[PDB]
Amino acid sequence: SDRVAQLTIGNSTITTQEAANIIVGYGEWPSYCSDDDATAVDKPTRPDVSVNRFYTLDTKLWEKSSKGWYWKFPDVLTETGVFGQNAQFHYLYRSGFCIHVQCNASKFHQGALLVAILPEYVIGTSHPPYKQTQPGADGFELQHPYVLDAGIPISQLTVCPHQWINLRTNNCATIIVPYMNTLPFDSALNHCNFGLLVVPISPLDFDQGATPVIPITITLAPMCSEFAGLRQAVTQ
Amino acid sequence: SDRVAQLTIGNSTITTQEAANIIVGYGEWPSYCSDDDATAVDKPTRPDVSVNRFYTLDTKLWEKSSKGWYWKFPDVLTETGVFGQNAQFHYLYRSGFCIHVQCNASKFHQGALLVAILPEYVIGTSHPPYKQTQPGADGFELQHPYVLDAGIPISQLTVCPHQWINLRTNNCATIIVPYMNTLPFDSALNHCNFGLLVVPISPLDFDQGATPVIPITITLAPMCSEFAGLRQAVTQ
Amino acid sequence: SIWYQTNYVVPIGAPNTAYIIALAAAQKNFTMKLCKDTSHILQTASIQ
Amino acid sequence: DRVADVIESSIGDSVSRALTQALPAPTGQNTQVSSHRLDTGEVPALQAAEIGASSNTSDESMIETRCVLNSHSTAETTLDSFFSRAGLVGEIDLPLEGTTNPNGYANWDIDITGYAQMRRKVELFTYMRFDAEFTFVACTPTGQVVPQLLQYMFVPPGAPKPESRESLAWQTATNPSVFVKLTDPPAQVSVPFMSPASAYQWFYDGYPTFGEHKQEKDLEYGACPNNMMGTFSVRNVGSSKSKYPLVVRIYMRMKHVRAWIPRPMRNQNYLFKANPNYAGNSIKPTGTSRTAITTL
Amino acid sequence: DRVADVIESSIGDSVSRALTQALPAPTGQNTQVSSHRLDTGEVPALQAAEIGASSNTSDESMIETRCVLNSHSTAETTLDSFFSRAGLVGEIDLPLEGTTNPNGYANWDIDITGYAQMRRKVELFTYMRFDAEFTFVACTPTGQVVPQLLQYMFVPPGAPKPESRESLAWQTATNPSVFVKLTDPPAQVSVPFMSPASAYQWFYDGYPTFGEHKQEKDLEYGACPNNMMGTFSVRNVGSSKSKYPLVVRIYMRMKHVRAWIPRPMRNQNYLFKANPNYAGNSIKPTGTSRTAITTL
Amino acid sequence: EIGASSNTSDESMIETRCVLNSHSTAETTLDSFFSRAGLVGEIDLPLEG
Amino acid sequence: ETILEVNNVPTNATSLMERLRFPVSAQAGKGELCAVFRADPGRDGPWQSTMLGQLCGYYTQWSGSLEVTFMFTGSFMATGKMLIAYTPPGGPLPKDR
Ligand SMILES: CCCCCCCCCCCC(=O)O
Ligand SMILES: CCCCCCCCCCCC(=O)O
Ligand SMILES: [Ca+2]
Ligand SMILES: [Ca+2]
Ligand SMILES: [Ca+2]
Ligand SMILES: [Ca+2]
Ligand SMILES: [Ca+2]
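Residue numbers (this note's numbering), protein chains in the order written: chain W, 378 to 613; chain F, 378 to 613; chain C, 3 to 50; chain U, 51 to 346; chain E, 51 to 346; chain P, 329 to 377; chain S, 15 to 111.
If you want it as structure tokens, here you go:
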């Protein structure tokens, strides 16, 4: 009664039979803004179910050579579903997320995927492009996973909301994160509160013959969505 | 203290200095759906301020020969603002409206405009096109105003939520209408609960010299907006 | 931004063009913090 | 714990404001005595229909009236007291010779917009909920009462519709059928309000398909499936020929009526069924015309 | 009156769930006596980091431990007890000859990402709120103490920045300025947490412009205006030449510290200021390397 | 035209929310403003001139 | 409230007084744009004239809503209706009413 689990938000439901439990970012659930932490004088919009639902976006293929990938939440979801609209129509944004990275295989396969969250995920390279800093859907790929393309050791990434997908045990990870920023609200069109990294620490291996197509899908869901500063529709 | 007035919804505010008061459609304010009148088993979305706000769309030019125009509410607003999105993303729709048709002039001008609401506004002609039945923005024009292009006498239209804009007295009309349909919800993409008609009963006249540009603008605002059946985005 | 909802209607015998004046101020919930020298004006020549 | 905004927000009021209450009214209002009145500030007569309200001026404030006790009842001006009257709405023809209805059977579509008289009244409102009572008058094109036997069968939308004078569908194991002789009095039938919609819709300003609405498909604009009650079938109970030229006329009466939104009366001549299309090439005035507004 | 859905909906909870409470911890945990244990169902050692939790296994359940009273205090491993230590973060050069700072004045941009030592520590967290105390060590390139007078003036973002050794901006009628001789001890200054943001941001994953973000504008990615404290100006109080080669070094200490999100330490050598750019052509291991994982 | 600053408040203009202004107005006071050293005089006692 | 110089284009020194006023003629089309300006007080924009604006120059940061009243000076017979909008940060200058 610890491996099986179900997630129900909006009009979406997720299932699992090899889950390794749920982790709550820094032990805190997504809460709305207090009437003292906010400065935006105007009742925001809490569409709820229409935006606070599960969205299955991108999928990648794990290989015996894959380096790793990453995404930028605030931006990623935009342009898709009712959520994207509010993010583009409104100026101020606020919300927490429920991430579910699923990746199954057979009992004859082996591999270990580290799935962690990194707040204010800045990258280096002498300045990365917009297609690298905000690769919304379909994300981007790591070139130097050892330094997370930022100059920091990945061996010390577990110091953040993380979880592992060791094929020999579980087949999916689940994280819950509350809004994070030195401000009550902030436009997600140009600022990403954090990013998701998926890196194979244990190279996916398996004897020839077993289906080599090992996909890794990403499914997330907004929580306690609040938008303010209603204006014209914007894209970036 | 009866001519001056102010309407405040969402982040919009309307003003007037020659209003003739406000009329409430069939003496009833826009209310949400009861938990017994609804059959749609799923908590709808009440975005409120984000959609329940004032929208100034089309404008027309009144002339000494103008016949009249008309619009189809459910459809009209779609494709514009946050409202349009919910209408296109969701299947079921529900809402009441606050209409404000403004048209000013000088004390030396003369004219009388009848502004009424007509539920389930069907038209004839042996079958009108989609560009005539649902002329959303910029509406459509009446060819035979005497029969309202439906075969019914306009002399008997006052039997519905109406109001007059007699330039010699007022310069704007205001109507409030609750959801109207033999059902709790209904997709506004293909069905219009009603329509707005603006016909000059007293031909606009004025001696030469006075600014002949007499515009008539339309401004409406949704009320108690509720959407259900969240799905893929649709247009028609 | 400012737009014409309708039109500047005028009778026969009145100015065909008028003017408007804008007055600005802050609301009660207004508050300033910190401080510095003004950059809105700078003296070119020294006081005589 | 509460953002206050959530506490205040009235969002979720299933209760309508109303602001207008229905009161008893058996007898028309009774007039009361009224003396002269000469004063400033009081302008009963002066109104401003520019607001959209029917002048509330009363006789008394206009002329020195007397007292009258209105005994005149308003019971005949009610919904039931009005609509609840039998009327022609259907008419089927099962002749011996012709191209219309050979074979001996006939499938009539359930729609009443085929006859003026009735259609005029009903199209006064936008919505209407109610039960009805149908009567069937079967007879030959002359008025001849013939000793023939028939079978009226109701075919709900989605049920097998008879294809021949002897189609299997006439076994009517589930559907409701009625067998009567033309010698026996007309058929008496009670029909309940059957419709997915809470009330029948006279005017449907939209499309039932939800597709592209191409021009060739403008044949759907106005068609509401909530008014589609299926069809009505009738035939002679036999394997051979009818032997007689028959004509059935369907009459309807409404019981337990509930009308809602009221709209303007009909101004032009009806052309199509379930289509507000009018005679555009030749439109006539709502009423009679005169020679001068200053002459009778 | 209520749709029930509105009554249930918890939407609007400004209160965070928490589920984790901070407790007192002056002395490290004290170990307790532990005897042997041999049983099934109890697997203290067996864990599954695949969940994302640090093994909660305690010494006792692993080996027959004794009892120990940990008196070891954890007061020096606190935020203030750590960050609250003066360190080099700034350095200005006002030489007599050269192209760097002629004229006798110098406008330094307020940023501490210019020096390793300090930058390493601070970049451990994502956010940080606090006050600071700055000390100013002025001296010549040799260590020579000169009888020169200077004027340090703070120039907030939006305030007139001095353009010359005698610019009007030095009247400092509003701005805060400090006059000191190189003979007097260093300058002692206390600075409050000044920022529109509730806490300074070390990493800004976004753009401050909100425009097109063209390639030539990728110079903004990471730039957060909430860390822009304006500039710092310094010059000799005179109309003529300084007469001396000077070099000011700015040291900072933090008071009342409040750190939040923690991130991995720095792995590579810093290259630019306010830029996590690293030596991509030559990356080095986090630590020392060996010859074999089976040999020391 | 009367000579008074519009007393219209945010609430009567748009559907506002609730906010607790903690922003202090102690630095916008007289002393907190003027009480700052500044150049007002300057004398010159040169050898030559 | 102090006079806001929106129409700050003229600088003739003979036409510096019209910087305070504002033009509003009898257009003809639907949806004309009459004026546009920055919403920042302490900015070098039109808010330079306003007392509030000049004060800000002495402070680095601020907070609060802002009121701006518009008074029509035209003839009494002059009638009209106009839409004054405010596009929150992030929203580019609108091109349509
Ligand atoms: C069983 C008797 C039920 C009577 C319902 C008649 C409704 C006919 C209305 C037709 C209107 C239309 O099809 O658009
Ligand atoms: C008055 C002393 C205030 C100290 C604040 C220093 C903040 C510097 C951070 C620079 C980071 C950046 O610019 O992106
Ligand atoms: Ca993809
Ligand atoms: Ca993007
Ligand atoms: Ca138009
Ligand atoms: Ca349309
Ligand atoms: Ca004139």
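Where a beta carbon is used, it is the ideal one built from N, C-alpha and C, also for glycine.
- In terms of side-chain proximity, the C-beta atom of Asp159(U) is found no nearer than 6 Å to any non-hydrogen atom of ligand 3.
- The three-state secondary structure of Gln585(F), taken from DSSP, is coil.
- Inclusion of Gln201(U) and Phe180(U) in the CB contact set at 7 Å is not warranted, their separation being larger than that value.
- Going by beta carbons, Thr436(F) and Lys95(S) fall outside the 7 Å limit.
- In its chain, beyond the 5 residues on either side, no residue has a beta carbon closer than 6 Å to the beta carbon of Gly330(U).
- For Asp161(E), none of the residues of chain W pass the 7 Å Cβ criterion, the least Cβ distance being about 16 Å.
- Among the bridge pairs identified by DSSP, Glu141(E) is matched with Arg299(E).
- Here the distance from the Cβ of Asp515(F) to the nearest heavy atom of ligand 5 is below 6 Å.
- Pairwise C-beta distances place the stretch 592-610 of chain W in contact with the stretch 416-426 of chain W, as three or more of them are shorter than 8 Å.
- Neighbours of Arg364(P) in chain W, taken as residues at a C-beta separation under 9 Å, are lacking, since the least C-beta distance is about 28 Å.
- Here the alpha carbons of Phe466(W) and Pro421(F) stand approximately 21 Å from one another.
- The Cβ atoms of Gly140(E) and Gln167(E) lie no closer than 7 Å to each other.
- Under the DSSP assignment, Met178(U) falls in the beta strand (DSSP E) whose first and last residues are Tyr177 to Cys189.
- Listed by position along chain W, the residues whose Cβ is nearer than 7 Å to that of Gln318(E) are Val524 and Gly528.
- Relative to ligand 2, the nearest heavy atom lies less than 6 Å away from the CB of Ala324(E).
- Judged by DSSP in its simplified three-state form, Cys537(W) adopts coil rather than helix or strand.
- By the criterion of a C-beta distance shorter than 7 Å, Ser131(E) is surrounded in its chain by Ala125, once the five residues flanking it on both sides are discounted.
- Counting every other CB atom within 10 Å of its CB across the protein chains shown gives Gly256(U) a total of 16 or more, marking it as buried.
- Taking a Cβ-Cβ threshold of 7 Å, none of the residues of chain U is close to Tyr470(W); the smallest such distance is about 16 Å.
- For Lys449(W), no alpha helix (DSSP H) run applies, since DSSP gives it neither H nor E.
- Contact between the stretch 552-559 of chain F and the stretch 114-124 of chain U is absent, with fewer than three C-beta pairs closer than 8 Å.
- Going by DSSP, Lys231(U) is part of the beta strand (DSSP E) stretching over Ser227 to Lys231.
- Here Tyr523(F) carries a helix assignment [DSSP, helix/strand/coil].
- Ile61(U) and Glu173(U) have their C-alpha atoms some 36 Å from each other.
- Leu491(F) carries a strand assignment under DSSP once its states are collapsed to helix, strand and coil.
- A direct Cα-Cα distance of roughly 40 Å separates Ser411(F) from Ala514(W).
- The beta-carbon separation of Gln383(F) and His263(U), rounded to 40 Å, does not stay under the 8 Å limit for a contact.
- Not flagged as an interface residue toward chain E: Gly208(U), since no C-beta distance is shorter than 7 Å.
- With respect to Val241(U), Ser64(E) sits apart: the two C-beta atoms are not nearer than 7 Å.
- The nearest non-hydrogen atom of ligand 2 is 6 Å or more from the C-beta of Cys569(W).
- Setting aside the 5 residues that flank it on each side, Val287(E) is surrounded in the same chain by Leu199, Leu200, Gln201 and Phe229, each with a C-beta closer than 8 Å to its C-beta; the list follows chain order.
- Using beta-carbon distances, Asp338(P) counts as an interface residue toward chain S, with a partner under 7 Å.
- In this structure, ligand 1 has a non-hydrogen atom nearer than 6 Å to the beta-carbon of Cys274(U).
- Interface annotation, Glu343(P): in contact with chain F, CB-CB separation under 7 Å.
- By a beta-carbon distance limit of 8 Å, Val536(F) contacts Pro312(U). Their separation comes to about 6 Å.
- In terms of beta-carbon proximity, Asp181(U) stays away from the interface with chain F, with every pair separated by 7 Å or more.
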